[PDB]
Amino acid sequence: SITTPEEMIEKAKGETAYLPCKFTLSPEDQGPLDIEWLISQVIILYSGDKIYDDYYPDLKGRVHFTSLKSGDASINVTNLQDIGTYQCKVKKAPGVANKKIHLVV
Amino acid sequence: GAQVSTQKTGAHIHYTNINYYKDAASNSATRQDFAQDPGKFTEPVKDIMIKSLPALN
Amino acid sequence: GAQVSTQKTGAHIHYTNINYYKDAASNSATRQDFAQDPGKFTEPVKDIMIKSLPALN
Amino acid sequence: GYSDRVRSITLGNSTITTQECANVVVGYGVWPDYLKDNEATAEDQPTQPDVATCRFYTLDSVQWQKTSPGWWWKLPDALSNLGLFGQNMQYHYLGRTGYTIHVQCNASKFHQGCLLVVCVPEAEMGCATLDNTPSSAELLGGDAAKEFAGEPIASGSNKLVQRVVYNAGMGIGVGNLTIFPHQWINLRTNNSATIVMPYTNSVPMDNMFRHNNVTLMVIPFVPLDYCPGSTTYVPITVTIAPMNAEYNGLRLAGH
Amino acid sequence: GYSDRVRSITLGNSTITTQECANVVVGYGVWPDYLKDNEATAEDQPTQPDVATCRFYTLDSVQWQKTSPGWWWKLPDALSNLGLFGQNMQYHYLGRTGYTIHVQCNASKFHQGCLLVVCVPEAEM
Amino acid sequence: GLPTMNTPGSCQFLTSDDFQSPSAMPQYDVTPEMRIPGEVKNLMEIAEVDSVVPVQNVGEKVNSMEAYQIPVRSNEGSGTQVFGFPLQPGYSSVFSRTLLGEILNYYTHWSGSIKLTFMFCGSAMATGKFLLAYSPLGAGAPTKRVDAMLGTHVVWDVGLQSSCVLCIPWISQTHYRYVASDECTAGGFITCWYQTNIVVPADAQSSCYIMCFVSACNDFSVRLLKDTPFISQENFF
Amino acid sequence: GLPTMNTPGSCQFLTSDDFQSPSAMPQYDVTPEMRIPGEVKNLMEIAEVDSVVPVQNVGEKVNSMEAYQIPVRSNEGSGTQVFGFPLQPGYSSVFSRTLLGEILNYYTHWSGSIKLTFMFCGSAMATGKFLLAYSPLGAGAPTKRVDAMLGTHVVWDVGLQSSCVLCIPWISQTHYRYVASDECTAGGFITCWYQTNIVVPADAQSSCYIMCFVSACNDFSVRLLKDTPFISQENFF
Amino acid sequence: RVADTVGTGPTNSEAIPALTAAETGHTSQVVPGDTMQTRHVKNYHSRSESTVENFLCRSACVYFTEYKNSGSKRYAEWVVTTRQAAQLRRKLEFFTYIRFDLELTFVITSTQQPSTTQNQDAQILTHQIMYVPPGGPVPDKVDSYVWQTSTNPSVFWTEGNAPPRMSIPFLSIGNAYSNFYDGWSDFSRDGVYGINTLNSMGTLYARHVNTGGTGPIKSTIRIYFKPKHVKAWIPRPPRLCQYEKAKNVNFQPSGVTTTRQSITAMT
Amino acid sequence: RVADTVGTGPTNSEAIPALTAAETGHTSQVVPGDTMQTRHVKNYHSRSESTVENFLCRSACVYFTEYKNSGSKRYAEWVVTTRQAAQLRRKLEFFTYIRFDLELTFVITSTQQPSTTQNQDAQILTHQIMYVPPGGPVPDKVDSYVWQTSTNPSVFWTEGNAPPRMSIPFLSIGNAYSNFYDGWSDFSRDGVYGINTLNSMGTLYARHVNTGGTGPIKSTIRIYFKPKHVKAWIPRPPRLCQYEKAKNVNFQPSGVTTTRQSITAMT
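Protein chains in written order, with the working numbering: chain A, 377 to 481; chain B, 3 to 59; chain C, 3 to 59; chain D, 13 to 267; chain E, 5 to 129; chain F, 6 to 242; chain G, 6 to 242; chain H, 165 to 431; chain I, 165 to 431.
Structure, rendered in structure tokens:
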């Protein structure tokens, strides 16, 4: 469902990194939208139509949704140092898809 | 005393039904009843209103 | 309303089929359909090419 | 007298003439025709230009080097930007059309080679990385060769389509492709190949931008070989003519 | 019953409806028709979209101020950039087409005014 | 005894099978039926009947009668969009709770035309011309009246007759569209514009309202029954 | 009730039985079928269609388009063998991944003829004569042209027509041969030799290539369906 | 089978099919060809699965109750009523009056309750489902004389057999079940007001014929109702607000419809 | 029935049946008698088991999932799709378009999971298989209102009975299931690309009606698909490389064919 699930985004230190997690929903998918972001552990959560900082010390106040249930769950991490694999797991009861982004610098 | 009727097939076949129970309230569901009349709810006006002709003269 | 057809036997017999369900999507598999036409895929050329005659004159 | 080789196809306002050609392959045996009313599903009155769109379009020539693995053209995408066929495709929502593919490649008697001119329906192709799918402009090409690559495409976090010629990008034997309507361009006898392709889709009409029903693949099974002194730049030019164009759902232009 | 005022014109995929309208003026008495072969001069097979081009195009509205002298639209030029009628006009060399002009201007019972909606052939200015 | 073998699927319960079953109370004399005005034999007859469409479902207005009224007014301009909604009788909120849409939410596949009937509930002196327009799927929703002019459109004019119907045609590649949202079967865009301006005389209101109705033409079909997603339950009542 | 006894085999599941079973969704209006160019009703129609045979499956060449081309050249000699492969359309690697061979790998018993079609893709001036020859089972594969001369053979000559077909006859004691290898049902040996030499004029290439196709004649039959051994799986995808 | 479209060309006439008067209450019968040009398409689609019978013939659980084989709740007593559930209730409400036969199916499931008694080797459970018609004697204990069964229709089902299915003929003193009743049982207009006053279809009792074993076992019985031979009269708008009670139509005020961004938004 | 061979004697004529032109794309229709002498043999063999219907009518498991009766995974949710398996998927791919009815059969198997709870005397297990049509409400917990069953087709099967088998009619908005789709769902051409975009056949939910007993039990449900009344269009070459994913045709480049010793080797 998620566009381009394997991605390698390399960006220099100092500018915001845009991490896309655009997803398309099947007709069979009629479930609460749970969007969770992981780093290698939970950076942000979206359940019950609200956004959760999740008290992540490395990335607190630097991570926010760029856009939502419309189909966009991208994140613009600001003021990078952060190097790791960022996993975005949009969740639906029939199928749950995940996207892994490798971030460099 | 078997009743033979056409099966529901696609567009562009027979099946045999025998009523076992004599009660007649045990008969299988009468699904094959494709009859409709929208006049009762749609177009319920007393005087006919031809669509081509102006409605309120 | 029973349909009687020949059973698949060897070379060198009847069976009786009755459609119980009226849906018609529940009918047994229609295996006995031995019809073929290779012209669609084999020999798809617009102009006929007689095998005995030379192909490219 | 008579001769099987010579043939002349006239469509719209542009006709082609081939002195040496092999018999035309008429798709799966069904010459393309307009949508019959027994199976129509769009209630709008379809526009049928029938001359404006049904004409021979000549795409861009591509060089047949002795190292060229192959080429693929998504037929609907290829003509998306050429003439009214492109304009009417941009405007209308639904689009149904038959195709008259014709590939020309002429070489002297001393050249050698062999092409496989085959149009493949539903050429769903596979990306180098297994998890993600190829992006548009990598899978599709506008009047572009979209050439195959003999070496297996390196698989990384990318959306490069597998151009592996020995798989044709569909993970299938390239030799087994023959099942699709196909005509060979053996340089020794025929310099041209024509396939008339009927409209092959599961639905009566489909948006041409949304989906490409057929893709013309030219895969040289035997490489071009010539002795020094012969012409070293022998091109392959493709002239695709649409047939029986039928369009519904007039909307504002774009996609 | 019947009423002369009401009228509905359908063309292509777009139709118009006028509750109060005066009788349509059919040009010089000749309803537009395709070029008959008795008088053709182009030997090429003409393309006739007949739905793609024969549809109601709505141009830009203009304000009718109490100080507005008048307006003029060159019909071919006006549609040169609108839809396939514009695209096919750009591509093809020769072009023959009849017209179905329709001008709308609605005002309440307390307004007053009068327009002259007239199409002039060969308006050399 | 007759020798039989039980095929797979025996001794099971299926929620969608029609068969026979012995009556618990035999020879019950049912109460004879009478004539009740308005027997319904097909769900589609109910879909054909008109139903007001809450086009103005904006914010808190879904909690008032203001949801149905669509606001129009005399503004110094032309081509200003009046409203707009996607053609998703099942998924779109605009259509979801309408009689056609709610019955559709009990099915999975739909096909046919729609009779959007627009009733002008303005003053008797107000005269407004409107370009009801439906754009077929494929491009972005029209942002200007000229963009919408191309797609199927009806120039509705207000007179003695009030309501005008925009019969949305069935333009689609697939014989049936999904009742839920899907990129493959996007229904299209329906929008209204000001052909001219709603001019009114003095001492008369310049803020008229328009109501919209929805109905299914005589070529509407549904298939694949499913339970509706609108109802909910925690425990038995 | 009707007195019945359940015979052995009741209440079991068989992967290869045709019977009736109640439809989960009754009275579903299926989407009416249309005409799609190229309906297939029998697998053998696909087997009859030509398929390129990777005769040169040597070493790394199976990873390039060089697998299909068969190399011929002007050598100072005659009777030199051009290629050779056993008649095992199912087991032989030469035939295994061809369209006829791969469909055959979905069955167990095969019988009929084979149309090996050899297309000369050399220059227009090259003239080469070839002894396509099929040896019936029983003796060792022919090592010289004279040994092969005895068995069924066609002296293919290259002219305006390029391709020549060697129609392999159905010579066998058993009405059906096993698709897999077996000493009892050895199909035979198919080989090609130089009847003369592929002579070419100056300024023309002396290294021509030949492609080979495989097809089934109108007397080809298969039976005993089985799952193919080429596909594999570890876990669901 | 659904009606098809008819071809149309360009038109220019006084007759207007689109312009109408919705005040009359007649939904305009406008086909697509009236406001545009359309081709002749033969629609082979059939309104077969939208039939009232096909609409409400699906088996749908109405109520599940759980009775233990040893303890306080030896037997389960449920008054027959389709209002307990939500999906089937909402399906039936679409019609003010409805006349349908019933095909009750019972899905019974047992469960070894956690305990400490050892050597728990329970024999196969046997269950009894008894329908007490209104005004009939009703059991007070699991072993009263009522359970013996005099004339009431009861089904005995040993566990592991195919689920019991007994058909019920139309059971109503009136000429049709009334889904909605705007009336009181009392002429004085004081007392219960609603569907409960006129609809009494008896009571259902489920018990363990045998205790089964040493250890306690809890038996869940699920009751499925499938209307058959259905005839419906006076269609009504579907229930917009969530149900709150089984005996009444009382509701909590809810938004006409889920909101969107703006009046021009496309989501 | 297959065609037979016709006798032939020695021949010497201008006509050549063998020499042809494969460039045309016409596979030569050469019988054995054309290039040799053959006797008149009546072939009684029949191409009966090579029929498309006989080719794809075998029941073939597509997906097996395991749900416990107590713990995190109380119920199993699998989106319907024939791409999960390999053998049946490859069989269907042979045809670009295919139109077949389905006969789903479920093989459910239970297993007493190792634990420490004593006096494990579990009663017979009861299972429910529910098909949620696309756009329908989907269960979140094992005991949500969705499990009650309003209109979705569900089958209740007690363990030890013959495996449940419900037939499915053709379920596709188009005129045929598309095995291959060279298109995007989005007109913009940005997003998911492939068969997954156009094929949605709903979701399948399997749960334990009763917990069964004190000890944990894990239930494996295997789903079998058998195409029936199959019609196939546009034959395509079989998938040479091993499948890597279910939602896409992505593959790993593989050798055209297994190699042999030399071009003259006979192994």
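Here a beta-carbon is modelled for each residue, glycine too, at the ideal position from N, C-alpha and C.
Using a 10 angstroms sphere on the CB of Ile52/C, the tally of other CB atoms stays under 16, which defines it as exposed. In the three-state DSSP reduction, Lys86/D falls in the strand class (E or B).
Nearest Cα to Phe194/F within the set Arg150/F, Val219/F and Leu142/F: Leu142/F. With distances taken between CA atoms, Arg40/F lies nearest to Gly338/H out of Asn316/H, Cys221/H, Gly338/H and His291/H. Under the criterion of beta carbons closer than 8 Å, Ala249/I and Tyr227/I qualify as touching, at roughly 7 Å.
If you look at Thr361/I, you'll find it in the alpha helix (DSSP H) that goes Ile359 to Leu362.
Assigned with DSSP and collapsed to three states, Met154/F falls in helix. Contact with chain H is found for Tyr309/I, since one of that chain's Cβ atoms lies less than 8 Å from the residue's Cβ.
Residue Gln124/D holds the alpha-carbon nearest to the alpha-carbon of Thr201/D among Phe97/D, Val37/D and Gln124/D. Under DSSP, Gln292/H takes part in a beta bridge, and its partners are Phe320/H and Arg371/H. Three or more pairs of CB atoms, one per stretch, sit closer than 8 Å, so the stretch 343 to 363 of chain H contacts the stretch 397 to 412 of chain H. Not one beta carbon of chain C lies nearer than 8 Å to the beta carbon of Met130/G.
Closest in C-alpha terms to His190/H, from the list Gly3/B, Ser54/B and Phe43/B, comes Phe43/B. Taking 8 Å as the threshold, the shortest C-beta distance from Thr44/B to chain C does not fall below it. Less than 8 Å separates the beta-carbon of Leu47/D from that of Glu258/D.
The beta carbon of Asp35/B sits closer than 8 Å to some beta carbon of chain F.
Within chain A, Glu404, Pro470 and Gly471 have C-beta atoms less than 7 Å from the C-beta of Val243/I, given in sequence order. In this structure, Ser56/F places its C-beta atom within 8 Å of the C-beta atom of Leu104/F. Minimum Cα-Cα distance from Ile113/D among the listed residues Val74/D, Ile28/D and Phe122/D corresponds to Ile28/D. The Cβ neighbour count for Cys221/H, taken over all protein chains shown within 10 Å, is at least 16; the residue is labelled buried. Going by DSSP, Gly89/G is part of the beta strand (DSSP E) stretching over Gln86 to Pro91. Look at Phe89/E here: in three-state DSSP terms it is helix. In the structure shown, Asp49/D falls within a helical segment according to DSSP collapsed to helix, strand and coil. In the pairwise beta carbon analysis, the stretch 168 to 177 of chain H is classified as not touching the stretch 70 to 89 of chain G: fewer than three pairs are separated by under 8 Å. At a Cβ-Cβ threshold of 8 Å, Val480/A and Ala473/A do not count as neighbours.
The beta carbon of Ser214/D sits closer than 8 Å to some beta carbon of chain G.
The Cβ atoms of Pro193/D and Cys117/D lie no closer than 8 Å to each other. Beta-bridge partners of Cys16/F (DSSP): none assigned. In this structure, the alpha-carbon of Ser234/I lies about 6 Å from that of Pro380/I. If you ignore the 5 residues before and after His158/G, its C-beta comes within less than 8 Å of the C-beta of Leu136, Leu137, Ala138 and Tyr139, all in its own chain and listed in chain order.
Assigned with DSSP and collapsed to three states, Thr132/F falls in strand. In the structure shown, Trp43/D falls within a coil segment according to DSSP collapsed to helix, strand and coil. Looking at the DSSP output, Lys232/H sits in a beta bridge with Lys382/H.
Membership of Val216/H in the alpha helix (DSSP H) is indicated by the continuous run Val216 to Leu220.
Listed in chain order, the positions of the stretch 205 to 228 of chain H with a beta carbon within less than 9 Å of a beta carbon of chain D are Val205, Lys206, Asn207 and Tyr208. Taking 8 Å as the CB threshold, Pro31/G lines the interface with chain B.
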